[PDB]
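Visitor: experimental structure and sequence below, a few questions after.
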Amino acid sequence: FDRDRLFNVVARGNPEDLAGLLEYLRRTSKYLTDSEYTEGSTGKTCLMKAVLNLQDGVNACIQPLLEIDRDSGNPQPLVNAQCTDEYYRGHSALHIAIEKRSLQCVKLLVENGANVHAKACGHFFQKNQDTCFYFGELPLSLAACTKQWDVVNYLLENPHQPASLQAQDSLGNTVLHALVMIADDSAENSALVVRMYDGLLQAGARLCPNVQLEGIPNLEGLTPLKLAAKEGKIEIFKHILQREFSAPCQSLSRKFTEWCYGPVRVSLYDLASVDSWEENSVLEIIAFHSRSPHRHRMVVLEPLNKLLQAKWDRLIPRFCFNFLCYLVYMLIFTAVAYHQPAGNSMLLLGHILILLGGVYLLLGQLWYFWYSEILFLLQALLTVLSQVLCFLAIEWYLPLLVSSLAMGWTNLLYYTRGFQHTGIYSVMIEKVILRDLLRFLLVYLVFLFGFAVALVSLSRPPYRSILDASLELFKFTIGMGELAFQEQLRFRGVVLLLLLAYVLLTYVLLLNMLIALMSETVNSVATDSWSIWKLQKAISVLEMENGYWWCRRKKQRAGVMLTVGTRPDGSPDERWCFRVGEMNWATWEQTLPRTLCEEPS
Amino acid sequence: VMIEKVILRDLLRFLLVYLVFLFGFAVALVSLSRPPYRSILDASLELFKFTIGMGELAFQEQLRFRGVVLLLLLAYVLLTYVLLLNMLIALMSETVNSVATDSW
Amino acid sequence: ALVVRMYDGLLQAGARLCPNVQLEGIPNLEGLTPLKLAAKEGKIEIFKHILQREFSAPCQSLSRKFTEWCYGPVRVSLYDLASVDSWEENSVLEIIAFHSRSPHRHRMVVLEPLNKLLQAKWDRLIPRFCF
Amino acid sequence: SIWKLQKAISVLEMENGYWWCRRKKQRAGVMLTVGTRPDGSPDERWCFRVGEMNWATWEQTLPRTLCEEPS
Ligand SMILES: C=C(C)[C@]12C[C@@H](C)[C@@]34O[C@](Cc5ccccc5)(O[C@@H]1[C@@H]3C=C(COC(=O)Cc1ccc(O)c(OC)c1)C[C@]1(O)C(=O)C(C)=C[C@@H]41)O2
């Protein structure tokens, strides 16, 4: 009974042609799992091609083939056979039947004993590659990622071998982690993800009520909310963070109403993994651990904005204290640099005080690293280097001393971010330097030094060196340039023509730079620089909460310890919540919410 | 009306950041040149002449530290061009995103 | 809407009536087939339509776009590179670059099979550009 | 798109070779068998592969495929 005849029979779909197969299999002691019947290049079995070729609903050759497998005594059944390639490893026929959207074949395969925890862990099924599909590794994850709620409901609630929601793949991801990983912030994708997420949570409340599905961490240590915060998936992070359920599963909410009087109400938000009191929070991950381009859009969301504004309003005296200490330090730097040359003792005290302040700032910035932090690092490094060369009397200390003086007075613009009006202005300064200035300066220096070499070789004292002709040409861009008809020179008209062409080309280049900045500024969302400034302020408030480098600071927890309801296991659940008041003048059309308190307080 | 709105909004924060830039380079040039730059109050005037268009940059043969003075002047010219360009781009941001009936 | 519907109907009727002959292979007196005349003239809508074309089961051999496999949401599509690839003489790419006097040639470069084929050809030749 | 056309003209001139030494050029794509002709033969065509992701696939009808499983 040949292999190709077996594949042609199971692809055709007639069960009667599979006659005499079991009697042939009995005498030769060969099994359908054996390597003569697999492809060998991939390990593909005849049941897999029976499921790949289906009828209108379901092929009719599967169950007689599985009966023939049961008839002979096979220690390894055919329904649990996996692929063996490096590309497509661990894939089984239950995955194929779930992929083909076919519920009757899934019922049939589980009904004959298929493993519902087989992991499709080959290379095609891995995370970040070219032309792959990462859904998790499990059949329940494949059913949830492809919008098949009937297959999900069967795999959870079948009589024999139920699938576990707590089960997790090689990366430690459950089904909720995998639903975070497939989000792309499109409309249809988000509508799939939030609906399947809530359905899985409610089914876990029904099936396994004692376990918390969202507390389970991955192998990196992340829960679904922190993975959503790290990955930068805004649609599901916003949805999870303000979540309201109904009466039988109301303990799975993260948003509550404390009281409601007319149009005013007070809402409560759960601060479980959000508040920066605890280790490895959502705020620290948005600020410090996410490499997404849109972190500043995630700061602006609804519970986070008011929590950060409250944390900022407490820490304004510490911000003003740090500003005054840095400004006193720079006044001492200036008085020590201006008097370099009763007095010598004051100068010695000034030099030692500048060395201690430089070592202080350098240790603080290195403790940070273990745009603006780079500049504070460079100032501190050059200050310590200048004072170490001042101790040895190397006499080349004075350029480094005055260079670090200029950088310290410029680094004073870090503190402009305390106000909105100056903070957005300095955000724009950084964006003008790091984007628009450098390619201007590239094309300009290529234009400058070509004309410089041309004028030196043509004038051979107007232009003696390359380095002096480039200075005389730069004076044109300032406004101090000297163009005259040179009577002394042999080649007078050509020098005059080269100067006139230089002036025209640099006017064209400056005009292009200005027009490119208008192209960037007219085509822009106005909220974006505001939100970049908000993220600057959030990073500042988290570093001020962490404390200084020598003295760690004991930090208070935010919120209020408030009793929300009862757990399914007969206890009250007290949660730390953040209060946000609201006004709504269209309340009276909508239905009234359930409240914790009868009257305001 | 536009003259008042340009003075009371756009000019003062430009002038804040500009004076912080001006006097840092002034102190640096006086302490490095120790007669090109004798006092703080005269070096700040010589640096303000660059913003007008009358600034004098030359390779100072007399000074001990010649290349560093030249590099500090070139960096000053670049930073003030960046600041003026930012002021202009912020006024275009305020003027393109506005209702025309409001000044009326 | 007239041109693409009448074009497909004429192709299917040629499949029914004279199946051995290829209607789109016949050249003009300049040496251009319909796709190259569309590329030269700068007619974007019909050039885009011809370049990614899918028919149904009785005339499926007249397509220029195919599906190799499909698994859930991911799929791999196939595009015919008959007169497009610059390996052969007088291609669509050489005509858009060198023989068309249309003002909007740069809009025809951005279309869906052409953009990725040009990005692949650029990614191979970066060492020669740096050399 | 004007920059893209500049890049396309550059890549075609670099494929043509230098002026003294013409360059033997490779054909792009993959020689893949698509179906059968009306005159009882298979038609092999050179094709270019482009991958796609679509999260609204399940409302639409399924396409006809060349391969049963990915590769
Ligand atoms: C890291 C970069 C890109 C940088 C390092 C130094 C060399 C710098 O020259 C530049 C570019 C440059 C290159 C050559 C000639 C002139 C300018 O700009 C900054 C850099 C640009 C200036 C302007 O400073 C700012 O950007 C404003 C600012 C400072 C500190 C902040 O913490 C800050 O946060 C908002 C903003 C400061 C200098 O350190 C300075 O005062 C001196 C003497 C030169 C400046 O290079």
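Guide: Great, that's in hand. Numbers count the residues shown, from 1 in each chain, chains lettered A, B, ... in the order given.
Visitor: residue A:418 contacts residue A:318, correct?
Guide: No: between residue A:418 and residue A:318 there is no contact under C-beta atoms under 8 Å: 11.5 Å. C-beta coordinates here come from the backbone N, C-alpha and C atoms, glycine included.
Visitor: and for the nearest residue to residue A:287 once chain neighbours are set aside, the neighbour number?
Guide: Leaving out its chain neighbours, the residue that sits closest to residue A:287 by C-beta to C-beta, 6 or more residues apart in numbering or on different chains is residue A:539, at 5.2 Å. When neighbours are defined as other C-beta atoms under 10 Å in any protein chain shown, residue A:539 has 19 of them.
Visitor: and residue A:192, by the same measure?
Guide: Using other C-beta under 10 Å, residue A:192 has 21 other residues around it.
Visitor: tell me the residues of chain A that contact the ligand?
Guide: When proximity is defined as C-beta under 6 Å from any ligand atom, chain A approaches the ligand at A:372, A:375, A:403, A:406-407, A:410-411, A:413-414, A:426, A:429-430, A:433.
Visitor: ok, of those residues, which one's closest to residue A:293?
Guide: residue A:430 (15.9 Å; C-beta to C-beta).
Visitor: would you check how far apart the closest one and residue A:405 are?
Guide: The gap separating residue A:430 from residue A:405 is 22 Å, by C-beta to C-beta, to the nearest Å.
Visitor: neighbour count: the two, which is higher?
Guide: With neighbours defined as other C-beta under 10 Å, residue A:430 and residue A:405 compare such that residue A:405 has more, 27 against 14.
Visitor: alpha carbons of the host helix or strand of the more buried one, as CSV, please.
Guide: Residue A:405 is part of helix A:397-411, with elements assigned from DSSP states H and E. Provided in CSV are the C-alpha atoms of helix A:397-411 (Å, rounded to 0.1, in the frame of the first residue of the first chain):
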residue,chain,number,x,y,z
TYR,A,397,43.9,73.9,31.9
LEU,A,398,42.6,77.4,31.0
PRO,A,399,40.8,76.5,27.6
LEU,A,400,39.1,73.6,29.3
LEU,A,401,38.1,75.8,32.3
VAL,A,402,36.5,78.6,30.2
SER,A,403,34.9,76.0,27.8
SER,A,404,33.2,74.3,30.8
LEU,A,405,32.2,77.7,32.1
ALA,A,406,30.4,78.4,28.8
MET,A,407,28.7,75.0,28.8
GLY,A,408,27.5,75.5,32.4
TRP,A,409,25.8,78.8,31.7
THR,A,410,24.2,77.2,28.7
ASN,A,411,23.1,74.1,30.6
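Visitor: just checking, next helix/strand downstream of it?
Guide: Next helix or strand after helix A:397-411 toward the C-terminus (DSSP H and E): helix A:420-431.
Visitor: next SSE after that next one?
Guide: Defined by DSSP H and E, the subsequent element after helix A:420-431 is helix A:438-459.
Visitor: what packs against that next one?
Guide: helix A:466-478, helix A:492-522 (3 or more C-beta pairs under 8 Å, 6 or more residues apart in numbering or on different chains; DSSP states H and E).
Visitor: buried sites along the longest one?
Guide: I take that to be helix A:492-522. A:495, A:499, A:502, A:506, A:513, A:517 (16 or more other C-beta atoms under 10 Å in any protein chain shown).
Visitor: what of the first one?
Guide: Using 16+ other C-beta under 10 Å as the burial criterion, the residues of helix A:466-478 that qualify are A:468, A:469, A:470, A:471, A:472, A:473, A:474, A:475, A:476, A:477.
Visitor: indicate the residue of chain A located nearest to chain C.
Guide: Per C-beta to the nearest C-beta, residue A:133 is where chain A lies closest to chain C, at 4.8 Å.
Visitor: mind listing what the spatially closest residue to that residue that is not a sequence neighbour touches?
Guide: Setting aside the residues directly before and after it, residue A:133 is nearest to residue C:74 in space (C-beta to C-beta, 6+ apart), at 4.8 Å. Neighbour list for residue C:74: A:131, A:132, A:133, D:51, D:52, D:53 [criterion: C-beta atoms under 8 Å, 6 or more residues apart in numbering or on different chains].
Visitor: follow-up on the earlier one: farthest pair in the buried residues of helix A:492-522?
Guide: Largest separation among the buried residues of helix A:492-522 by C-beta to C-beta: A:495 and A:517, giving 34.2 Å.
Visitor: tell me the secondary structure for the residue in the stretch 201-350 of chain A that chain D sits nearest to?
Guide: Closest residue of the stretch 201-350 of chain A to chain D, C-beta to the nearest C-beta: residue A:235 (12.6 Å). Following DSSP: H, G, I helix; E, B strand; the rest coil, residue A:235 is assigned to helix.
Visitor: now do the one 3 residues further on
Guide: Under three-state DSSP, residue A:238 falls in the helix class.
Visitor: report the two of the contacts of residue C:74 separated the most.
Guide: Spatially, the most separated pair among those is A:132 and D:52, at 13.0 Å (C-beta to C-beta).
Visitor: would you confirm that the residue of chain A closest to chain C belongs to a strand?
Guide: No: according to three-state DSSP, residue A:133 belongs to no strand; its state is coil.
Visitor: backbone phi and psi for it, please?
Guide: phi -150, psi 110 (degrees, to the nearest 10).
Visitor: next: residue A:547.
Guide: phi 100, psi -180.
Visitor: tell me the bridge partners for it.
Guide: Under DSSP bridges, the beta-bridge partners of residue A:547 are residue A:552.
Visitor: gap between it and the ligand?
Guide: Look at residue A:547 and the ligand: by C-beta to the nearest ligand atom, to the nearest Å, they are 21 Å apart.
Visitor: just want the residue of the stretch 451-600 of chain A that's nearest chain B.
Guide: When scored by C-beta to the nearest C-beta, the stretch 451-600 of chain A has residue A:479 as its residue closest to chain B, at 3.8 Å.
Visitor: same question, chain A
Guide: Taking C-beta to the nearest C-beta, chain A has residue A:409 as its residue nearest chain B, at 3.3 Å.
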